[PDB]
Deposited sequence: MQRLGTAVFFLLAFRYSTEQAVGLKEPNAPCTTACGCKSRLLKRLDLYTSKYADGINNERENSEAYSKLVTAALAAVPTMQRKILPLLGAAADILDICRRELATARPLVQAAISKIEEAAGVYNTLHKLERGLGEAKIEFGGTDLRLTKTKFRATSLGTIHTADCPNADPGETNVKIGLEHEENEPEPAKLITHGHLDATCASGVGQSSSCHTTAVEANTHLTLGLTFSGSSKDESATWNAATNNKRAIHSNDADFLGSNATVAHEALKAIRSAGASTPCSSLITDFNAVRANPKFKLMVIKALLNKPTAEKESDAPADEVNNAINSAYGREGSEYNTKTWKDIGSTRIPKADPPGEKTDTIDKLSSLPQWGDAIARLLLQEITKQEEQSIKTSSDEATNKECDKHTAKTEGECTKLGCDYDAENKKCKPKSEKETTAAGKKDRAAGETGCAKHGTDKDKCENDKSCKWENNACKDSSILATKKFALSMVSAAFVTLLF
């Protein structure tokens, strides 16, 4: 809720926010895999099973096709938005990796004139840290993230907008002109606000003060467009694609094509085309008989019986048979379907 304030924290939050979306997308990919498998199992079993079993599979087919189609279309819609966010967030992370290197400044040059004269060689530069970047890893401890929280989450912070010329001058005492015992120290630091401490420093230069600032906008809009890319997913309603499963009776039960095919296939009224063509109690009683009461046995029995349907199996000494669940691959299911239809032709 409060803006991030360190490079390690901003990167950590931006990546954690991205994970909200990519993990949900990965769930959809897995769900599309399971729905594809389920739909293939239904078609194969619907061809191979005995009529009492076939009649229980048929009401699943149109509704399952509806779930699978929508699931694929939702993933296809989300795919470019998630890809766009990934690219933009990871580029911003790259800049944060550098802002962490600069978070302690860039060192200093300190001249100590020695005491004898004001001649100068490298040996009078006692400090020469200038150009040293910060190399330590992020602190191991540091920092509500959730899709519900995304709408008011603030932009990632820019952290550094200015570089500062730090200066110290101490004679003898304040710079009393520079003489043989004078320490002159000049450094470069960064912050998110401009600094000019010239007023206090000119009356007491023996204190390190930022005496000039220059523009150093490293992030530019990178964090803004990454932030906006996350909103683009939410605006399109693409944050949780393909969340419905064919193996969830709640998804199937709600489809009008399911109820209608219960009437056609399980209440012996095959010419029905409206939901009203049978009394609701007879639809419900048929549902109860086929799938357990209110579909309570859909997974414990219906999908188990579907998986135990025996289908043709290729073999060099002659075609054999086994169950859908034992030959659990699309190539074997497609081969069975071809073989089942050939037997009907033959």
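Enquirer: Which bits of the deposited sequence have no atoms placed for their C-alpha?
Expert: Seq positions lacking coordinates: 1-27, 170-171, 173-175, 205-208, 212-213, 385-499.
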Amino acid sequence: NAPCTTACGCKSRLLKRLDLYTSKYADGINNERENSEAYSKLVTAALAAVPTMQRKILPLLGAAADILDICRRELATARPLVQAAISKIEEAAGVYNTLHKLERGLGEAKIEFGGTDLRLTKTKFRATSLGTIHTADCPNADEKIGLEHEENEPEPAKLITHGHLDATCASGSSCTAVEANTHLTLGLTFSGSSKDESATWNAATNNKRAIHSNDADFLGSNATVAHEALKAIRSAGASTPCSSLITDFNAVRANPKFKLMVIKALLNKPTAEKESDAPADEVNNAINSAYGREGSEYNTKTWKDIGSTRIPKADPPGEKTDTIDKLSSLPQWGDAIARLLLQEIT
From here on, numbers count along this sequence of modelled residues.
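Enquirer: Higher mean Cα B-factor in the deposited model: 310-318 or 41-49?
Expert: The stretch with the larger mean CA B-factor is 310-318.
Enquirer: Using only the Cα atoms and their B-factors as the entry lists them, report which of 197-205 and 249-257 averages higher.
Expert: Result of the comparison: 197-205.
Enquirer: Could you say which of 27, 66, 34, 294 has its CA atom at the highest B factor, as listed in the PDB entry?
Expert: The C-alpha B-factor peaks, among 27, 66, 34, 294, at 294.
Enquirer: Based on what the PDB entry reports, which of 102, 76, 165, 95 has the top C-alpha B-factor?
Expert: 165 has the highest C-alpha B-factor of those listed.
Enquirer: Check where residue 269 lands among this chain's C-alpha B-factors and tell me if it's the lowest, middle or highest third.
Expert: Middle third - that is where residue 269 ends up once the chain's C-alpha B-factors are sorted.
Enquirer: Looking at the C-alpha B-factor of residue 342, is it in the lowest, middle or highest third of its chain?
Expert: Within its chain, residue 342 is a middle-third residue by C-alpha B-factor, going by the deposited values.
Enquirer: Going by the CA temperature factor in the PDB record, which third of the chain does residue 169 belong to: lowest, middle or highest?
Expert: Highest third, going by the recorded CA B-factors of the chain.
Enquirer: Using the B-factors in the PDB entry, rank residue 58's C-alpha atom against the chain and give the third, lowest, middle or highest.
Expert: Its C-alpha B-factor, which the entry lists for residue 58, ranks in the lowest third among residues of this chain.
Enquirer: State the tercile, meaning the lowest, middle or highest third, of residue 280 with respect to the CA B-factors recorded for its chain.
Expert: As the PDB entry reports it, the C-alpha B-factor of residue 280 lands in the highest third of its chain.
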